[PDB]
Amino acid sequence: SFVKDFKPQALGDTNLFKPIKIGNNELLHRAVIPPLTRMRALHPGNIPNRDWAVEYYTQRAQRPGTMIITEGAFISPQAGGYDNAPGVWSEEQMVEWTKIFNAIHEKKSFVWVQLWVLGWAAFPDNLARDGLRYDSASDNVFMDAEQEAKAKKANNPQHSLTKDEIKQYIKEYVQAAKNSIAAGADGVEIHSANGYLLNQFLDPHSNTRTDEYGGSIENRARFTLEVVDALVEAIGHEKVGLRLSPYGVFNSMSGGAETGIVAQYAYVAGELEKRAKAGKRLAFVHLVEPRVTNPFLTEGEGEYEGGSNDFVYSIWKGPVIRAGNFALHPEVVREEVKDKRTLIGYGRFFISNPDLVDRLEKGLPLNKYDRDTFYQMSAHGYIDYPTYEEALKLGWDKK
């Protein structure tokens, strides 16, 4: 059924429907599909779903000129820890990704692979089973007691990365990005947000290191910028984006409670602009808004009102993708896209509306999403959400 109390507003008369170039891609509108983990990848081997993934991405690429960022993809087994998320390290995986990229391109849309490393958000028992470390920035602070428990139970205690193991990750990032481009992706997005490994280095709560990767703003940012630099070198700045969530508390990050948090993220932004003036401007910076500090809370919950992402705009002068509770708030989007370098990521509603761009353009009702099938091993709640046309035929307007 449709979202019951929603008062849609057509956005076709706004900059949301003005074309923009991001990296090498000529977007025809600025509604972006942000990275959305769906847990349909098959085990063993973290293989993109051979039955459903192509169709899923095809449906969502249906509006020509759409920028799609994939679900997080592990760069290596050690970077993983969820059996049903995809990876981009093996030939098996890339064969399925190539089919996906081809289908999106045939719909005249674009695809960026999000490169994902879990750190302490990984399941230590899964890792222990596969002979892998349970990794984070530090070893004296844990995500929650449960995760700290599972580690000890699985005899896989949280391990503070040595400098050589960090380098190994950087090498894996490099190879995963090369794999992505070679298989046909338009670019990659470095996931440095939402409390995953890179974020665990950025945040002073999770990073209590005293070597050059912790103890200061510059140090905590080091790992992230090294990945950025390694990837810009490997496949070019025009094929690299960065995702950040300055106010996020997901996976036990500090958010606005940390008084130094804006300074931490402002520094990263500064360093990106620095590289941009020196000839190497990233394709985009992708920001999670304080509008959503946890995307598994219903829209309007977990909103942080004490901080704004606007600071990034004073520092980084390139494209900015903003994501978080925008689908139900076209009145907000209308204002934000008045800025000419701002794009809008729509997450949960792109899950449930394959034709979302049309619906935004024309102010059509939205399909409700089903949180129960966000992470299910099923076609249901994945590829069976109807377009508006199909929804009408199913009588959804009269439910």
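Residues carry their position along the shown sequence, with the first being 1.
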Averaging the C-alpha temperature factors as deposited, the higher value of 294 to 302 versus 242 to 250 falls on 294 to 302
Mean B factor on CA atoms, stretches 141 to 149 and 115 to 123, record says higher is 141 to 149
Residue set 192, 314, 155, 264, per-entry CA B-factor max assigned to 155
Per the deposited entry, the peak Cα B-factor within the set 213, 74, 284, 326 goes to 213
The third of the chain into which the C-alpha temperature factor of residue 93 falls is the middle
Sorting the chain's modelled residues by C-alpha B-factor and splitting them into thirds places residue 101 in the middle
Among the modelled residues of its chain, the C-alpha B-factor of residue 223 falls in the third labelled middle
Entry-reported C-alpha B-factor of residue 288 relative to its chain, by third, is lowest
Temperature factor at the Cα of residue 268, chain-ranked in thirds, falls in the lowest
